[PDB]
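**Q**
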Amino acid sequence: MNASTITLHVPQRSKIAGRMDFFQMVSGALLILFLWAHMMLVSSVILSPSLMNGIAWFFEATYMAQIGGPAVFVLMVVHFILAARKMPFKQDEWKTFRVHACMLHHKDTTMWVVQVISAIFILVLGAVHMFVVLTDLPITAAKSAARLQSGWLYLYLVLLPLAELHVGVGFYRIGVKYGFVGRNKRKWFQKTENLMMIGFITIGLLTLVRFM
Amino acid sequence: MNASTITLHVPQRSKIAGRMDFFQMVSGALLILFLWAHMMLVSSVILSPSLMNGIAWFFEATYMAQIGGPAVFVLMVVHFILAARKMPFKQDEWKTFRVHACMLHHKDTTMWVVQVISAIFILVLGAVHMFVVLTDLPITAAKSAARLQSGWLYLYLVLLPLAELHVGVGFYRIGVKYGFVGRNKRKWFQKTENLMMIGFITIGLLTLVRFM
Amino acid sequence: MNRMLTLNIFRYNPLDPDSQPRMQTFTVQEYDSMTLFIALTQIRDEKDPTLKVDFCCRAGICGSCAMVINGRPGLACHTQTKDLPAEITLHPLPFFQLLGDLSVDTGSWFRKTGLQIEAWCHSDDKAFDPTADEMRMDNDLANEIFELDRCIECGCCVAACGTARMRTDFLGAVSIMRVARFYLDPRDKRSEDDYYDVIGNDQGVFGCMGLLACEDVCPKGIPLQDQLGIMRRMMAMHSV
Amino acid sequence: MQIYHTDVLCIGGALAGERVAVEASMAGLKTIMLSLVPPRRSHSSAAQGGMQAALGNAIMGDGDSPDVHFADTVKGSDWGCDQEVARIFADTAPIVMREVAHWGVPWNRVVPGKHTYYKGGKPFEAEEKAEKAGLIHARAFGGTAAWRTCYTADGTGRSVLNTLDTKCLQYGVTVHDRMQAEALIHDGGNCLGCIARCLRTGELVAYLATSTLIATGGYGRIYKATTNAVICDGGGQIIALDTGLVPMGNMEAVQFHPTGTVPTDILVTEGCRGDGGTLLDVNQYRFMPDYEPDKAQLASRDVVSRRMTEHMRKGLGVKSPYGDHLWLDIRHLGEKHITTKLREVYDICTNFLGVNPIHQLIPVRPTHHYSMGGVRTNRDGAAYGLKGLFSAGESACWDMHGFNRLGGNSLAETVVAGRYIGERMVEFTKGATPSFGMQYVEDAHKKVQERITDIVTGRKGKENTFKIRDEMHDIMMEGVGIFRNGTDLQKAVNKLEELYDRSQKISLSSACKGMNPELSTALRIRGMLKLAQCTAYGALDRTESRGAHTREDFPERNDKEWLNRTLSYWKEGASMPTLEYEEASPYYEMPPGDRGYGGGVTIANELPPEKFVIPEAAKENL
Amino acid sequence: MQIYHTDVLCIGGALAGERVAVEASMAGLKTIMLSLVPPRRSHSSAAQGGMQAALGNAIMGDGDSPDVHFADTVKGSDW
Amino acid sequence: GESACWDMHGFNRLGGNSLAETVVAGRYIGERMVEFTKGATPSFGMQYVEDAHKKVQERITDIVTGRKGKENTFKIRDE
Ligand SMILES: Cc1cc2nc3c(=O)[nH]c(=O)nc-3n(C[C@H](O)[C@H](O)[C@H](O)COP(=O)(O)OP(=O)(O)OC[C@H]3O[C@@H](n4cnc5c(N)ncnc54)[C@H](O)[C@@H]3O)c2cc1C
Ligand SMILES: Cc1cc2nc3c(=O)[nH]c(=O)nc-3n(C[C@H](O)[C@H](O)[C@H](O)COP(=O)(O)OP(=O)(O)OC[C@H]3O[C@@H](n4cnc5c(N)ncnc54)[C@H](O)[C@@H]3O)c2cc1C
Ligand code: HEM
Ligand code: HEM
Ligand code: HEM
Ligand code: HEM
Ligand SMILES: CCCCCCCCCCCCO[C@@H]1O[C@H](CO)[C@@H](O[C@H]2O[C@H](CO)[C@@H](O)[C@H](O)[C@H]2O)[C@H](O)[C@H]1O
Ligand SMILES: CCCCCCCCCCCCO[C@@H]1O[C@H](CO)[C@@H](O[C@H]2O[C@H](CO)[C@@H](O)[C@H](O)[C@H]2O)[C@H](O)[C@H]1O
Ligand SMILES: O=C(O)/C=C/C(=O)O
Ligand code: SF4
Ligand code: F3S
Ligand code: FES
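Protein chains in written order, with the authors' numbering: chain A, 1 to 212; chain B, 1 to 212; chain C, 1 to 240; chain D, 1 to 622; chain E, 1 to 79; chain F, 393 to 471.
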């Protein structure tokens with residue numbers, strides 16, 4: 001009936017586009033909120049091993065990871081699906097963006113390309129981390145100090161900059177693209193936000209070495 | 001110099017598209033040979049856990065999971081990049097390919113959709129499984145337990161179909177399109193490959209229960 | 001043969017906006033060996049003359065009859081009401097700019113896509129004189145040349161290609177095979193490198209995902225599967 | 001409104017139209033090709049048989065020359081043709097076949113060896129030249145002596161038009177498909193273009209150009225049964241007829257092809273009768289040596305078609321709900337053979353009929369095929385009553401054919417003829433240039449032609465377009481067939497005249513829309529009827545039997561008082577075509593003689609022995 | 001050669017040219033507007049001052065009429 | 393417009409009046425153009441568009457390039 005050309009899905013046009021982008025913004029926003037909570041609650045090794053063990057038992061023995069593990073698992077893959085839409089896979093999309101971004105000297109343009117490299121590194125390394133710690137074994141700080149340092153998990157340095165780099169540019173972009181920023185307020189947002197990120201690399205890198 | 005457009009690379013033209021397509025096909029063959037290696041070695045628990053353990057401590061100090069494990073991780077994701085070029089992430093590529101795919105009632109056309117859905121499932125669980133067994137702990141028949149009973153790896157009832165379907169339609173496809181085609185040999189190839197796929201899923205599900 | 005064929009014909013008319021798409025039901029008595037060409041021409045020339053179908057030869061070698069018949073892009077005139085079920089559904093070809101009802105514009109696409117691929121014999125221009133004798137050609141090469149130049153440019157293998165329907169800049173089994181028909185012709189003096197410049201970058205050859213709907217919908221039976229195949233190798237082997 | 005310019009406007013995109021556009025464009029003029037459907041699909045594509053040009057390469061053509069070709073051509077045309085036209089054509093056919101072969105057609109070539117052919121319904125062995133291997137192969141066809149017909153498997157039309165079109169794209173011919181010409185843009189007996197109709201929007205367009213060509217092809221859809229594609233109403237004819245300046249030539253000459261398929265009316269090729277065809281009767285008896293003894297089904301066409309309706313009146317046809325018919329036997333020919341493995345008439349019988357040719361017999365009946373008359377031209381192809389109008393093709397009366405067209409000569413006429421007429425068009429355009437007065441394009445033309453559209457749309461004048469169409473079809477099928485008598489002809493012309501009156505008051509069953517597909521046919525009903533009575537009244541007042549025109553009351557050929565061409569003008573506003581007559585080539589190279597088949601009874605020419613051989617100034621040198 | 005048709009040919013597409021094309025096209029006539037560069041960028045676009053026309057609105061123009069316009073125009077301009 | 397001598401500006405152009413003249417003059421001259429066109433219609437003899445036009449003017453181009461009379465156009469512009 002409409003299995004042909006005409007125009008889109010209903011008797012006038014499709015609304016799928018705005019809904020679809022919007023839900024990329026809310027998968028980015030809700031997922032940003034999770035990573036805040038993760039690097040707050042479980043970033044407690046340096047405060048006390050007892051504190052993280054307890055705050056994990058705070059909600060259903062390691063923060064309800066049977067209802068919260070599949071939450072960030074399936075929702076993080078659904079993010080991957082919504083964003084892979086724009087990812088420069090086509091060898092020409094790469095070729096062009098690399099020349100345009102290297103010729104322009106423009107920063108945020110060039111930050112999109114790192115948003116990309118970061119995204120593939122965290123699908124792989126992240127899916128295997130999130131999974132290895134998501135499989136039962138309710139949390140102990142002493143068992144986590146287990147892996148880290150042996151498992152062998154370690155790394156996360158090859159994850160933490162890529163990860164928070166990504167989340168950072170992601171907050172910055174989501175703010176601009178829908179209008180929560182300047183010109184007027186613009187620089188405050190970028191410098192503020194670059195500080196948010198560099199701070200997250202700090203409390204993460206020391207949550208990391210102190211977990212050891 | 002040539003930094004805007006007008007034509008390609010070097011002084012005239014760029015061959016990158018063929019090279020990279022050739023490389024999507026070379027990844028397809030190499031990955032197919034591996035997944036044969038896997039469904040030989042690890043399906044040997046039907047025959048005996050001694051044959052699987054023995055041939056498992058055989059290859060280059062147990063298949064060199066130092067030097068060969070990274071082979072299949074980097075190679076499986078490299079495949080992932082080469083294939084994501086064509087994956088219908090855009091909401092209209094999906095919507096259309098679903099409307100056209102239901103109206104044509106044509107087979108191989110619809111199997112492209114399974115290459116896709118299977119593709120995301122074997123991305124995540126393929127990475128996370130390949131990782132939990134890709135690590136240290138040299139291999140035993142006993143280790144599973146990394147499956148089954150007390151084990152919480154229940155997913156090879158999901159991973160096995162998505163994987164062996166994908167490898168099947170992929171083996172079939174790489175045959176046509178590159179000149180191993182029919183139409184003469186097309187059918188002998190067609191039910192050769194159909195037979196091959198349902199046969200590997202059976203002896204896989206029987207390796208799965210005969211691991212219990 | 002006396003049984004009652006019921007048709008649901010796509011109906012749309014872009015020139016007056018008030019016309020929305022819909023499904024219109026028709027009623028025809030079937031006689032012996034009746035083509036859908038007969039059915040439709042009587043539906044039009046009898047009941048509603050404003051139905052637009054594109055008919056040329058009713059012998060099946062032109063390609064204006066193209067449409068979707070009960071789900072498959074196919075040929076209306078060259079398809080007979082014996083093989084079809086009791087109810088039929090005729091849809092305009094996809095991918096192509098729909099002009100109205102069952103009619104689409106194809107040849108426009110073929111000419112743009114033709115220049116894209118530059119399908120003609122490129123004459124090195126040795127100052128050939130039709131005063132003098134003609135070209136040397138074995139019978140079997142010129143016969144597969146006939147097999148490929150035989151395409152009727154109907155539009156079925158594109159309207160059945162998921163790739164094309166999904167990516168409009170994809171140029172189609174048609175275009176791949178057409179370049180094939182100039183590759184294997186000697187009279188076309190073109191370097192294999194030129195051929196790559198035409199179909200070797202993506203959107204023609206490596207754009208194909210291998211659905212094989214071309215081969216399976218082609219009405220005149222071009223050897224699309226293995227010609228497409230031998231072309232993706234010949235071009236893909238541009239590599240070192 | 002929407003005025004376009006060019007130099008060379010080719011009205012029709014098919015095979016001649018394409019060749020001519022390619023020559024204007026080879027010498028570099030700007031060109032518009034109007035086409036009712038994409039140029040690929042025309043009626044030239046449905047051509048299954050082959051392309052006739054004298055070669056000399058095949059063993060069964062050994063020694064053939066354009067002398068033989070001309071000779072055969074004229075004989076087939078019943079000395080109804082211009083022998084200047086046919087000289088030029090016979091010598092220009094090879095130039096054109098080497099040329100088009102060089103454009104990449106997949107001509108079937110020769111294979112050295114000894115092969116087993118078929119001449120009658122019996123095979124004979126014959127060798128094939130050892131030194132002419134890859135040259136261009138031919139086949140037996142029509143009334144030829146040697147085998148000159150050059151072919152690509154089955155569809156030769158597809159395969160020649162197809163490379164002709166690739167040459168079109170290469171040289172950049174702008175093509176507006178879906179343009180239905182309606183009137184011609186003229187005044188002062190000078191032609192400035194035509195007014196046309198967009199087959200998409202529905203509004204008129206008006207191409208303006210110096211040199212204009214009519215490629216529109218045959219008018220056969222005025223008949224119930226015809227091998228013509230449904231796009232053949234004869235547009236350029238009806239637009240050159242409504243001018244009343246340029247006439248229609250030899251209009252009555254309507255050639256019927258014998259092997260027209262019975263159930264669908266589709267044509268099965270004559271390469272079938274050309275390689276061991278077998279025409280059989282209800283009892284399956286090969287009856288051609290009974291009527292035409294030596295040349296049998298390789299006889300002239302109007303001959304075999306006539307003999308068949310004879311043999312069928314006797315009571316010997318096969319009886320079908322489709323009507324009684326005879327059989328064509330190619331099972332004779334072999335299975336893996338079928339004109340190179342596939343044959344594409346194999347698909348005609350396979351999909352449309354219930355017959356497999358390697359087993360059963362093809363129901364076949366004489367049915368309408370080529371249409372000889374058309375827009376009259378000259379030796380250089382400029383149309384008659386109006387300056388700057390050109391024509392080539394089926395729509396044209398060049399009269400290289402006369403009163404019967406020899407099989408396979410129309411392809412060679414399209415490229416041979418498109419090349420020549422084009423050449424003259426090229427240098428005429430590169431000559432003087434007109435003045436486009438808009439009280440021609442605007443006054444009338446857009447006005448009169450927009451006016452007939454309005455009258456056909458809004459008005460009372462109610463008559464259903466399909467009843468005048470189908471009543472016309474019955475009138476032509478019964479009145480003017482193969483076998484014709486005086487009284488059924490006049491009876492027909494009388495009802496056709498009143499039907500023209502009725503066809504001026506037309507109504508549409510429909511509700512108007514932008515581009516209504518009904519109006520396309522309804523506005524051309526009047527035109528269809530008109531050139532149909534040009535054929536009918538041309539045949540009534542021509543009392544003699546020549547070519548496919550066979551009069552039961554005047555069976556002899558009657559060279560004395562008709563050796564000539566029936567030119568039909570119209571002039572307003574009338575209900576009847578005016579009939580004027582004109583000499584068939586005074587050039588006579590081969591004076592009137594016997595064809596060497598058929599039942600020829602001639603009233604021998606008396607006047608001509610004056611002139612006969614006087615080939616004085618030959619600008620036929622080319 | 002390479003001939004184009006229209007009803008109204010505007011040689012220049014700038015500000016005068018555009019208005020005239022707009023009323024010919026407002027009455028629905030085929031019109032070609034030729035321009036040495038895209039119509040936006042012309043010299044009419046460089047005009048910074050303003051456009052002089054009778055209003056009746058401004059408080060510094062209250063009572064303003066085309067009489068004064070006609071007068072000042074003629075008189076600053078000599079004849 | 394400015395290209396035109398309508399002479400609403402005379403020998404001194406009124407400030408702000410040149411914008412007013414292009415749009416006002418477009419309205420008025422335009423209305424008049426729709427009148428003269430919508431009326432009688434001409435005949436484009438190609439011995440005008442083709443002969444001369446293309447002939448004389450492509451002659452100025454060919455004489456400027458391939459020909460003698462060698463002098464630099466810039467020196468003549470600046471002088
Ligand atoms: C089944 C069939 C088989 C044939 N087989 C042979 C054969 O084997 N050997 C042989 O020599 N001849 C054969 N012929 C004859 C052949 O059709 C003609 O002699 C010739 O090929 C037609 O070419 P043409 O260019 O004059 O016109 P056409 O090919 O008939 O087409 C006319 C062109 O003008 C266009 N046109 C149509 N109407 C209009 C209009 N109102 N206004 C403007 N443009 C219009 C058309 O779109 C078309 O493009 C066959 C014909 C048929 C029908
Ligand atoms: C700096 C400057 C400031 C001005 N400020 C004001 C102001 O503030 N208020 C005011 O009222 N007036 C002002 N004017 C005057 C103003 O420029 C004109 O009176 C008017 O605005 C020009 O508009 P126009 O469309 O008639 O012509 P133009 O703006 O001069 O445009 C010329 C058109 O003709 C096209 N054309 C050019 N050459 C050719 C060619 N060889 N062949 C074919 N087509 C061609 C052009 O490409 C262009 O489209 C100013 C002028 C200048 C230079
Ligand atoms: C497979 C996993 C992931 C992939 C493929 C991925 C990739 C991407 C891509 C390609 C975009 C760009 C959208 C655009 O350019 O318009 C994006 C945006 C974003 N990403 Fe990720 N990322 C992943 C994981 C994460 C994680 C772990 C976070 C952590 C909070 C995150 C947060 C964000 C945010 C906030 C945005 C901005 C949303 C918007 O622009 O509307 N992503 N991501
Ligand atoms: C249910 C979801 C999650 C849970 C229960 C969880 C919990 C944990 C636990 C127990 C550790 C072990 C600490 C150690 O290694 O000593 C850890 C470390 C880590 N995990 Fe997660 N996490 C979750 C989601 C994520 C996500 C979405 C990411 C994205 C990259 C991530 C990345 C990391 C990193 C980067 C570290 C160490 C670096 C640091 O602490 O600064 N985790 N997490
Ligand atoms: C993240 C991992 C993977 C993803 C996202 C993925 C997805 C895809 C997709 C969408 C295609 C279709 C390419 C096209 O239609 O042109 C493809 C091709 C193919 N896949 Fe994978 N797949 C993955 C891993 C695998 C695995 C585990 C196998 C197992 C043997 C495999 C074997 C093949 C083969 C042989 C082809 C055909 C290559 C070609 O068309 O040139 N892939 N893959
Ligand atoms: C070096 C790489 C790999 C090795 C040595 C390996 C080894 C194994 C082992 C020991 C098992 C049995 C128990 C368990 O799953 O814990 C297994 C099962 C399985 N693995 Fe892997 N694995 C590798 C990578 C992969 C890859 C690339 C895939 C691709 C999908 C895969 C998919 C599966 C599946 C589906 C099963 C169970 C299905 C069945 O037995 O039929 N593995 N593999
Ligand atoms: C969004 C997901 C992650 C992004 C993945 C996107 C896939 C595309 C990545 C590869 C694209 C490389 O883009 C460009 O390719 C060309 C051709 O191969 C390379 O070209 C280079 O290597 C080739 C191959 O030897 C040489 O012939 C050439 O002289 C040299 O310049 C460029 O160095 C590279 O910049
Ligand atoms: C391996 C790669 C995997 C591909 C990526 C993951 C799947 C593709 C992601 C985008 C899917 C788009 O989603 C598709 O269209 C819209 C969403 O706007 C959904 O919502 C609706 O769309 C149209 C309606 O006009 C219908 O075809 C569909 O039935 C309906 O659900 C569809 O259910 C879904 O088919
Ligand atoms: O039937 C054929 O082969 C063609 C006959 C003709 O038109 O000459
Ligand atoms: S391939 Fe088959 S379908 Fe596509 S055009 Fe050539 S013939 Fe028609
Ligand atoms: S259907 Fe499509 S992908 Fe190539 S295989 Fe045929 S064009
Ligand atoms: S109508 Fe001519 S091919 Fe279908």
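Backbone N, C-alpha and C define an ideal beta-carbon position, used for all residues, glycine too.
Could you please give the first and the last residue of the uninterrupted beta strand (DSSP E) stretch that includes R72/C?
**A** Segment 72-75, the beta strand (DSSP E) holding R72/C.
**Q** Using a Cβ-Cβ distance under 8 Å, would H5/E count as near chain G?
**A** Any reference to chain G falls outside this structure, whose protein chains are A, B, C, D, E and F.
**Q** Taking the continuous beta strand (DSSP E) assigned at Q149/A, which residues delimit it?
**A** That residue, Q149/A, is in no beta strand (DSSP E); it is neither H nor E in DSSP.
**Q** Confirm, please, whether the CB-CB distance from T261/D to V268/D is below 8 Å.
**A** It is a contact, given that the beta carbons lie within the stated cut-off.
**Q** Using a Cβ-Cβ distance under 8 Å, would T433/D count as near chain F?
**A** Judged by the 8 Å Cβ criterion, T433/D is in contact with chain F.
**Q** Against chain D, does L40/C count as a neighbour if the rule is that its beta carbon must be under 8 Å from one of theirs?
**A** Judged by the 8 Å Cβ criterion, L40/C is not in contact with chain D.
**Q** When every heavy atom of ligand 6 is checked, does at least one fall within less than 7 Å of the C-beta of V133/B?
**A** For ligand 6, at least one heavy atom lies less than 7 Å from the Cβ of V133/B.
**Q** Please classify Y154/B: is it buried, with 16 or more other beta-carbons within 10 angstroms of its beta-carbon, or exposed?
**A** The residue is exposed, with fewer than 16 neighbouring Cβ atoms inside 10 Å.
**Q** Any chance you could list the beta strand (DSSP E) runs of at least 3 consecutive residues sitting entirely within the stretch 9-89 of chain D, in chain order?
**A** Taking only runs of at least 3 residues, the beta strand (DSSP E) segments lying wholly in the stretch 9-89 of chain D are 31-35.
**Q** Taking the beta carbon of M111/B as the centre, do at least 16 other beta carbons fall within 10 Å, making it buried, or is it exposed?
**A** With 16 or more other Cβ atoms within 10 Å, it is buried.
**Q** I need the DSSP call for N250/D, collapsed to helix, strand or coil.
**A** Note: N250/D maps to coil in three-state DSSP.
**Q** Residues in the stretch 3-32 of chain A with C-beta within 9 Å of chain C's C-beta atoms, listed in sequence order?
**A** Here the close residues are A3, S4, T5, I6, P11.
**Q** Is there at least one non-hydrogen atom of ligand 9 closer than 7 Å to the beta-carbon of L267/D?
**A** Yes - ligand 9 has a heavy atom lying nearer than 7 Å to the Cβ of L267/D.
**Q** Which residues in the same chain as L205/A place their Cβ atom closer than 7 Å to its Cβ, once the five residues preceding and following it in sequence are excluded?
**A** So the list reads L160, once near-sequence residues are dropped.
**Q** May I have a chain-ordered list of the alpha helix (DSSP H) segments no shorter than 4 residues that lie completely inside the stretch 81-114 of chain B?
**A** Fully enclosed alpha helix (DSSP H) runs of 4 or longer: 91-104.
**Q** Could you pull the start and end residues of the alpha helix (DSSP H) that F466/D belongs to?
**A** Taken as a continuous stretch (DSSP letters only), the alpha helix (DSSP H) holding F466/D covers 465-479.
**Q** Closer than 7 Å by beta-carbon distance: list the chain C residues that pair up with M1/A, in chain order.
**A** Here the neighbours are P21, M23.
**Q** Specify, as a first and last residue, the run of the alpha helix (DSSP H) that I174/A falls within.
**A** It spans 160-178 - the alpha helix (DSSP H) in which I174/A sits, taken as one unbroken run.
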